[PDB]
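Enquirer: Have a look at this one before I ask anything.
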Amino acid sequence: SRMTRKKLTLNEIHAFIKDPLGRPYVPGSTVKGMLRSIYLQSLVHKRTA
RNA sequence: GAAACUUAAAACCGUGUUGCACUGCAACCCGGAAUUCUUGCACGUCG
């Protein structure tokens, strides 16, 4: 991509979601949205009308 | 016997509280039942 050997740096960093104290954790709204894709694919990848 | 008013004049009047004492008062919960709840991946796309 310009050969021009460009070398990039760390300009921006996206942050993990943390507790009000400062420690990371995993929400329960994220895992339940995964289980609404496992059950909603097993009824559509196994068989369908 | 025929002829001459027991008549005249005179307030049933004057004074006087339907007045004195007396609580529309005592007792009584605007009280008993009721979830601001149900569904929702901070994620997708890279000459």
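Labels for the structure tokens follow display order: chains A, B, ..., residues from 1 in each chain, ligands from 1.
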Using only C-alpha atoms (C1' of nucleotides), I'd like a table of the residues in chain A that come within 12 Å of chain B; for each, show the closest atom pair and its distance in Å rounded to one decimal, ordered by chain and ascending number, as a tab-separated table.
Expert:
```
residue	atom	partner	partner_atom	distance
A:1	CA	B:47	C1'	8.3
A:2	CA	B:47	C1'	10.6
A:14	CA	B:42	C1'	11.3
A:15	CA	B:42	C1'	11.2
A:16	CA	B:42	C1'	10.6
A:17	CA	B:42	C1'	9.7
A:26	CA	B:41	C1'	11.2
A:27	CA	B:41	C1'	9.5
A:28	CA	B:41	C1'	9.3
A:29	CA	B:41	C1'	6.5
A:30	CA	B:41	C1'	4.1
A:31	CA	B:41	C1'	6.6
A:32	CA	B:41	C1'	7.2
A:33	CA	B:41	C1'	4.3
A:34	CA	B:41	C1'	6.0
A:35	CA	B:41	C1'	9.1
A:36	CA	B:41	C1'	8.8
A:37	CA	B:41	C1'	9.2
A:38	CA	B:41	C1'	11.9
```
Enquirer: Identify all residues of chain A in alpha helix (DSSP H) (DSSP on the backbone) and supply them as a VMD selection string.
Expert: chain A and resid 28 to 45
Enquirer: In Å, how far is it from atom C1' of residue B:39 to atom CA of residue A:42?
Expert: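 Answer for the atom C1' of residue B:39 to atom CA of residue A:42 separation: 20.6 Å.
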